[PDB]
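To keep things clear, I will list the structure first and then write my remarks on it.
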Amino acid sequence: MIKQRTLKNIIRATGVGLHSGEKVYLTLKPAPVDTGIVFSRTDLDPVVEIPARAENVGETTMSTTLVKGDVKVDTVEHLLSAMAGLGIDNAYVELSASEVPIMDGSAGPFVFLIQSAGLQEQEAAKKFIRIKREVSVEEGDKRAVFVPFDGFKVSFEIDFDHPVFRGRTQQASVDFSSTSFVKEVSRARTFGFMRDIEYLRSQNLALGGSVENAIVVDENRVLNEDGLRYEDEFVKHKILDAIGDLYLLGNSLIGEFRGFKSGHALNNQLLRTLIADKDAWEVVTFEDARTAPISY
Ligand SMILES: CC(C)(N)[C@H](NC(=O)c1ccc(C#CC#Cc2ccc(N)cc2)cc1)C(=O)NO
Ligand SMILES: [Zn+2]
Ligand SMILES: [Zn+2]
């Protein structure tokens with residue numbers, strides 16, 4: 001059978017919060033079967049735990065935030081994307097502050113942490129959510145969709161008209177039958193436009209931002225000295241974001257996500273909308289891995 005997975009060992013890293021600019025200690029720890037991913041604010045007294053579930057998401061305008069009462073964990077999506085991509089079902093995530101460190105702006109550093117810790121198979125069937133009916137949400141011209149698909153696929157389109165994006169592909173369709181999350185998605189960095197970053201900084205936000213952890217673009221150019229890591233890095237980062245935001249479902253997906261100019265807010269709305277309609281999905285397990293449309 002396809003088994004649940006956790007970490008073999010505890011592993012640590014340090015970094016700064018993109019939004020807060022605050023140095024933070026990050027710890028990833030093994031967890032028992034059926035735990036899911038649970039964040040813990042170990043700086044607080046008492047320590048506060050927040051399960052990484054769609055219903056615990058708070059504000060989403062900037063990054064995906066988990067909340068419990070007055071306690072938050074900001075910017076969970078890049079770490080969760082790595083968890084999702086490597087098939088980690090169960091883990092504790094300990095933080096010394098209210099924001100996951102931004103690291104290099106991608107999921108690469110978290111893939112390295114997970115691969116370094118090692119993967120541990122557990123004696124329980126891994127549960128998948130299979131999309132049975134297409135479900136969609138929209139806001140203005142933005143749209144996010146789950147579509148039935150025998151496998152796991154993420155498609156995305158962005159539609160920037162600024163000169164810097166002219167001629168760029170702005171679309172990608174990743175079928176993970178034949179695409180490596182690690183090699184072809186995980187290192188795509190977050191990005192921002194100068195005018196937007198200036199606005200944030202003017203308000204004493206984005207205090208951890210630097211050209212070392214974000215792609216900076218203006219109307220016409222990519223400003224980073226060495227340009228892009230992937231030819232289509234922008235849309236690949238939107239896919240990275242979607243994979244992490246989607247993992248708040250708490251299980252891997254059998255289906256296709258399609259995003260059109262969408263972000264964290266529609267991603268979470270899509271999850272809550274899916275969860276609420278039991279005719280649109282079912283939980284499946286695979287007693288024979290060979291019969292599965294996916295592979296970890
Ligand atoms: C792409 C998204 C989905 N919109 C989203 N990214 C952000 O919202 C975002 C917000 C701020 C920054 C930034 C910076 C910077 C700087 C800087 C300031 C001063 C100096 N002297 C040098 C550099 C990057 C990304 C995201 O990935 N969510 O997961
Ligand atoms: Zn423009
Ligand atoms: Zn992102």
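Counting from 1, the numbers follow the sequence of the chain as shown. Computed from heavy atoms alone, side chains included, the values below leave out hydrogens, waters and symmetry copies.
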So does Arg5 pair up with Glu121, basic N to acidic O under 4.0 Å? yes
Can a side-chain donor-acceptor contact be found between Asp241 and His78 if the only test is distance below 3.5 angstrom? yes
Does the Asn224 side chain pair with the main chain of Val211, one donor and one acceptor, at a distance under 3.5 Å? yes
In short, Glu256 meets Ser155 closest at the heavy-atom pair OE2-OG, 2.8 Å
Can you find a side-chain donor-acceptor pair between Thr169 and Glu231 that sits under 3.5 Å? no
Work out which heavy atom in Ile215 is nearest to a heavy atom in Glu233; give both atom names and the distance. CD1-CD, 3.5 Å
Does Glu157 use its side chain to pair, donor to acceptor, with the backbone of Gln170 at less than 3.5 Å? no
Would the distance check show the side chain of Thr35 and the main-chain N or O of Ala31 forming a donor-acceptor pair, the cut-off being under 3.5 Å? no
Check for a donor-acceptor pair, side chain of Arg133 on one end and backbone N or O of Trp281 on the other, with a separation under 3.5 Å. no
Cation-pi check, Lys238 to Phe156: give yes when NZ or CZ is under 6.0 Å from the six-membered ring centre and within 45° of the ring axis, no otherwise. no
Donor-acceptor contact below 3.5 Å, side chain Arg187 vs main chain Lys183: no
Mind checking the OG-CG spacing from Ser116 to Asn9? Nearest 0.5 Å is all I need. 10.5 Å
Is it true that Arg41 and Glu49 have a side-chain N and a carboxylate O under 4.0 angstrom from each other? no
Side chains of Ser252 and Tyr296 only: does a donor on one sit below 3.5 Å from an acceptor on the other? yes
Any idea which heavy atoms bring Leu200 and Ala206 closest together, and the distance? CB-CB, 3.9 Å
Under a 4.0 Å threshold between the charged nitrogen and the carboxylate oxygen, would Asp104 count as salt-bridged to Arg229? yes
List, by chain and number, the other hydrophobic cluster members for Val145, where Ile, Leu, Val, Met, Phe, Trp and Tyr join if side-chain heavy atoms come within less than 4.5 Å, directly or indirectly. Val147, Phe260
In terms of side-chain geometry, is the basic nitrogen of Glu94 or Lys29 positioned less than 4.0 Å from the acidic oxygen of its partner? yes
Run the salt-bridge test on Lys261 and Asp141 with the 4.0 Å N-O cut-off and return the result as yes or no. yes
What verdict does the ring-ring contact (aromatic ring centres under 6.0 Å, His included) test give for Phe193 and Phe160, after you've listed the backbone C-alpha separation in whole Å, the side-chain angles of each residue and the deciding distance to 0.1 Å? CA-CA 11 Å; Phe193 291 91; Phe160 293 110; 5.4 Å; yes
If you compare all heavy atoms of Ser262 against all heavy atoms of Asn267, which two are closest, and at what distance to 0.1 Å? OG-OD1, 4.5 Å
When you measure from the side chain of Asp245 to the backbone N and O of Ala242, does any donor-acceptor pair fall under 3.5 Å? no
Got a second to check how far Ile275's CD1 is from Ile129's CD1, nearest 0.5 Å? 8.5 Å
Using the test side chain to side chain donor-acceptor pair (under 3.5 Å), find all partners of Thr273 that sit at least two apart in sequence or belong to another chain. none
Separation between OG1 of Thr6 and OH of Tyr92, rounded to the nearest 0.5 Å: 9.0 Å
Scanning both residues in full, the closest heavy-atom pair of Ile158 with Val235 reads CD1-N, 4.1 Å
Does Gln269 reach the main-chain N or O of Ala265 with its side chain, forming a donor-acceptor pair under 3.5 Å? no
Is the closest basic N to carboxylate O distance between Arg201 and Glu198 below 4.0 Å? no
So which pairs with a foot in residues 73-88 pass salt bridge (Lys or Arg N to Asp or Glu O under 4.0 Å), sequence neighbours left out? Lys72-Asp74
Looking only at heavy atoms, the pair that brings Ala188 and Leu240 closest together is O-CD1, 3.5 Å
Run the ring-centre check on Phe234 versus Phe165 and record whether the distance is less than 6.0 Å. yes
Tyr25/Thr14 under side-chain contact (heavy atoms from CB on, under 4.5 Å): CA gap, chis, key distance, verdict: CA-CA 5 Å; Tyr25 293 90; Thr14 62; 3.4 Å; yes
Whether the side chain of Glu99 engages the backbone of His19 through a donor-acceptor N/O pair (distance < 3.5 Å, no angle test) should be reported. yes
At what distance, to the nearest 0.5 angstrom, does CD1 of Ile243 lie from CG of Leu246? 8.5 Å
Carboxylate-amine/guanidinium contact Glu134 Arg143, below 4.0 Å: yes
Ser202 (side chain) donor-acceptor with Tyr199 (main chain) under 3.5 angstrom: yes
Can you classify the ring geometry of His237 versus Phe191 as parallel (below 30°), tilted (30 to 60°) or perpendicular (above 60°)? perpendicular
May I ask you to decide whether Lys127 forms a salt bridge with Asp34, counting only side-chain N to carboxylate O separations under 4.0 Å? yes
Side chain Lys153, main chain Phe176, donor-acceptor under 3.5 Å: no
